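Every chain is numbered from 1 and lettered A, B, ... according to where its sequence line falls, protein lines coming before strand lines.
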Amino acid sequence: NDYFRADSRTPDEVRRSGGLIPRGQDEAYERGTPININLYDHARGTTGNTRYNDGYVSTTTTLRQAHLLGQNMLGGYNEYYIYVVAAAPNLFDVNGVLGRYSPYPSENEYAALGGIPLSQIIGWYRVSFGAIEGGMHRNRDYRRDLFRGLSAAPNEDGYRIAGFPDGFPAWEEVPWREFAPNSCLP
Amino acid sequence: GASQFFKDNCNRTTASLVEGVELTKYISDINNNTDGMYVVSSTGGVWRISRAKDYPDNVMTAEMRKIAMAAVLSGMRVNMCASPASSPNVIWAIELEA
Amino acid sequence: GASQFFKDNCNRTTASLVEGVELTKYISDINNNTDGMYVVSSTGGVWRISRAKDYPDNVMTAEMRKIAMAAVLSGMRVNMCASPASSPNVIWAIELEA
Amino acid sequence: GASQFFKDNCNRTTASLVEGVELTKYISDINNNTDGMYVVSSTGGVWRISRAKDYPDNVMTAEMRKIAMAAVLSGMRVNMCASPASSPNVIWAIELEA
Amino acid sequence: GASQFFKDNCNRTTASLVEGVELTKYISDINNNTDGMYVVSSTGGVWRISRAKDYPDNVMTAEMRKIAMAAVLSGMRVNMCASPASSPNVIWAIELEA
Amino acid sequence: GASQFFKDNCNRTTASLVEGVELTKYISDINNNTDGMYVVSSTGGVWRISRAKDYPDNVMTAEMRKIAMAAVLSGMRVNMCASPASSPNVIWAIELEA
Amino acid sequence: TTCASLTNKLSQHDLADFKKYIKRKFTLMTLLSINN
């Protein structure tokens, strides 16, 4: 599977960052960490890019949709890029982990924990003026041997880190109650 | 699938071409009777990897093992040219496909 | 779990099949006392890998060391066939599972 | 592309310089006719890797196999200096590029 | 930290045990004065790997070199049993831990 | 930067200490005129890798090749101690830094 | 610990583990490529 992310950062910026890192991390992917990671807060977070707040980087399931999201949150940019990302366990199905509490179910978001490393980026499309300019530029640092046959993280692993606020209804309901961190149970 | 070079090469011999196989197990067995190196596919199929003492086949067999293990470790499929004259079938040529 | 093939092979011998082990440590020891190559499971269990100067076992035992190293780095599971005789137990067949 | 060093060294020979090749298949074959190691590009190009029994060329040819394996697994490109004298063309020099 | 088995074997000899070591540099030196393989830790420690021309020890020292490299590449910690007889201390046993 | 250890052993010789280099190409060449193993830095510098047939140097040069190749594959920097006598310069010692 | 802190904390551990996973897998493919 491939996931897609419309992002305003140029391939050169991504290379320098070591990947597509969350908004709260200042160092290269392998060097630093988001200052705060919370899936629930992230899915609700609204500036100058597509959702990448609270330790996660948003991706969607199709080029068409990443493009729509691009025109929506990145409209106003003369140019942006749509990164093609290989499936791996750092990607969490937001609709599947948050259930009925998923804020933007239409987005089919697959949240990338801590961002996406450069070796996971298969390639990218350049979007000039709202139009996809040409074909996909293959990322030379993509490491196929590392990602061949991996898939997104199973929902069970996400329930434990859903991050709903303390005393939120979800913490008293199955499945979340069965995986909730101690200090979150009522 | 098998490159043309590989198909034509295998079809030139008495072995049989086996395309797009996923290796999921890698066995090293020194027990005196099953002594050898085997691979098992996702479909349960078993094959033995050829061994050789002398030059130059000792190089080709060593690479065969390296190819088998790399397939197991990465999920990259392999095409084979194996002799059905034994059970398990013996691998005479292997192609790692990325 | 181990392949039927791997299971039946270990059956015809003295060794005891050990399924789904997770190796977490790899040891290289040259001290007089402990000269050898060893591996350690998550449960604290220890095994010794077979070595052989002669061919073709020098091939098989080298593949064992490679399988051990891979398991320890990948967290992938192995199934062994160890002889309960010596201490630590000696691996006579190993199977890497993807 | 090829380093200036690589380009120049190749140009001083009767072999052809092939630049930025993406290898996707690695072949090991012991069948009596096609006994050898080969690589296939994403376009269907096929090259035979050279072999040498003696030192120091056995060191170099061993490194060529390592380079071919690394290129196929990782997707890193290679620049080759291949002799068209044989078909498939033999590799006389290969450069792994990042 | 070190496995009990590893801990026991070292404390059986005259060598020192070192645990949770972070190796950050791997060195190959042929300059006759400093001719050898060395490793440097994140704290500034320097150790040299043992070499051995004959079997079975040639196998152990080779494995010793693979472990050191795996450590520098992955960040995985190692535990060492090094003899304080020399300067730098020579590593008689090493354990890689996931 | 190069370990204090490394800076010292190199400065004890006629070779120069080159530090924090980023290797980008790894070359194996068997053309009789340029026969050898070479590496190219990101800035176009070219070096020859030493070789030795006899123990112990055959071990150190083998690791020198692995260190060089692991550096191209990973992008990790290296520090070298290279002789200016020949052209391209010869690597007498190399430090892979994590 | 608060619900928040424990979530962040658990999340950081998951990330660290993923990053280690990639490093060790890369390391493994590299040793397989460079070894004779």
Inset, instruction - Check each atom of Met60(B) against the heavy atoms of chain D and say whether the ones under 4.5 Å are side chain, backbone, both or neither. - result: both

Inset, instruction - Let me know if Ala71(D) has heavy atoms under 4.5 Å from chain B in its side chain, its backbone, both or neither. - result: neither

Legend entry - Selection from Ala93(B), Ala52(B), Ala62(B) maximising heavy-atom pairs under 4.5 Å formed with chain D: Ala93(B)

Legend entry - Which portion of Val72(D) sits near chain B, non-hydrogen atoms under 4.5 angstrom: both

Legend entry - Residue pairs fulfilling disulfide (SG to SG under 2.5 Å) with at least one residue in residues 32-87 of chain B, sequence neighbours excluded: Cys10(B)-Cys81(B)

Inset, instruction - Return the minimal non-hydrogen interatomic distance between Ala68(B) and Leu23(B), and the atom names on each side. - result: O-CD1, 3.9 Å

Legend entry - Spacing of CG belonging to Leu73(D) relative to CD1 belonging to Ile67(B), to within rounding of 0.5 Å: 9.5 Å

Report every donor-acceptor pair between chain B and chain D with a separation under 3.5 Å, backbone and side chains included.
residue, atom, partner, partner atom, Å
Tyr55(B), OH, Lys53(D), N, 3.4
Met60(B), O, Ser28(D), OG, 2.6
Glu63(B), OE1, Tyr26(D), OH, 2.8
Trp92(B), O, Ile30(D), N, 3.0
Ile94(B), N, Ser28(D), O, 2.9
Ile94(B), O, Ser28(D), N, 3.0
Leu96(B), N, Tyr26(D), O, 2.8
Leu96(B), O, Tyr26(D), N, 3.1
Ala98(B), N, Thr24(D), O, 2.9

Inset, instruction - Drop me the distance from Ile49(D)'s CD1 to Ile27(D)'s CD1, to the nearest 0.5 angstrom. - result: 9.5 Å

